[PDB]
Amino acid sequence: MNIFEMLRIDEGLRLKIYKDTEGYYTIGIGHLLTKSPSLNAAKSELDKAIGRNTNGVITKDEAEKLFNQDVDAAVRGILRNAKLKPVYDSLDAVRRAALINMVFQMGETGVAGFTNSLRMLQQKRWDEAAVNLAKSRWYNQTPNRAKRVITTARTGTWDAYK
Ligand SMILES: [Cl-]
Ligand SMILES: [Cl-]
């Protein structure tokens, strides 16, 4: 398992414009397009992202291409963030994947705000971190996914994804 397979499980794959768990227009493997309520706006943003007139539909390759960019941007965002980087650098490889997933889902900003969980993770206080991470809107809104990612961070193993 790796980061890509992990997020592909969490986000799924849809070839047509859809609304995510928050009601926002998205496409592919969780590629958010816009927070705006306008389908046209979403359509405009999709065509600009792809490079062609898609009419709200993309191919599998195009979806994977956007996912690749999105995963890359997630890592680079961690690495450029003064609160995130040091956590990330202290972790082992599986736990790092948990942090990338969160960032992909909620943005650098949102994740950089889990101050307390970040410190416990940096200190290797697994169980405490896990408890702290679950005290969040994130977990109350998307609990099945949150649980998988939290167990990943807590155990350093991929069990939640088997
Ligand atoms: Cl883009
Ligand atoms: Cl969920």
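Residues numbered from 1 in each chain as written, not as in the entry; some residues may be left out. Chains lettered and ligands numbered in written order. Heavy atoms only, no water.

- Per the deposition metadata, X-ray crystallography was the technique used to determine this entry, at a resolution of 2.00 Å.

- Per the PDB entry, the protein goes by PROTEIN (LYSOZYME) and derives from Enterobacteria phage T4.
- Its UniProt record, at the heading Sequence similarities, says of the protein: "Belongs to the glycosyl hydrolase 24 family." (UniProt positions renumbered as here; feature names shortened; annotations may be inferred.)

**Examining the packing of helix α1 (residues 3-11) against helix α5 (residues 93-112)**
- Interhelical geometry of α1 versus α5 gives an angle of 45° and a closest axis separation of 10 Å. As the angle between them shows, α1 and α5 are arranged oblique. Seen along the crossing, α1 lies across α5 with a hand that is right-handed. Here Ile 3, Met 6, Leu 7, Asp 10 and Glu 11 of α1 come into contact with α5, specifically with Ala 97, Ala 98, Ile 100, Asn 101 and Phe 104.
- Grouping the amino acids of the contact of α1 with α5 by side-chain chemistry returns 7 nonpolar, 1 polar and 2 charged. (Axes fitted to C-alpha atoms, helices over the stretch in contact; angles between N-to-C directions. Helix = DSSP H or I, 4+ residues; strand = E, 2+ residues; numbered from the N terminus. Parallel < 35°, antiparallel > 145°, perpendicular 65-115°, else oblique. Left-handed = near helix turned anticlockwise from the far one by under 90°. Contact = heavy atoms within 4.5 Å. Nonpolar A, V, L, I, M, F, W, Y, C, P; charged D, E, K, R; others polar.)

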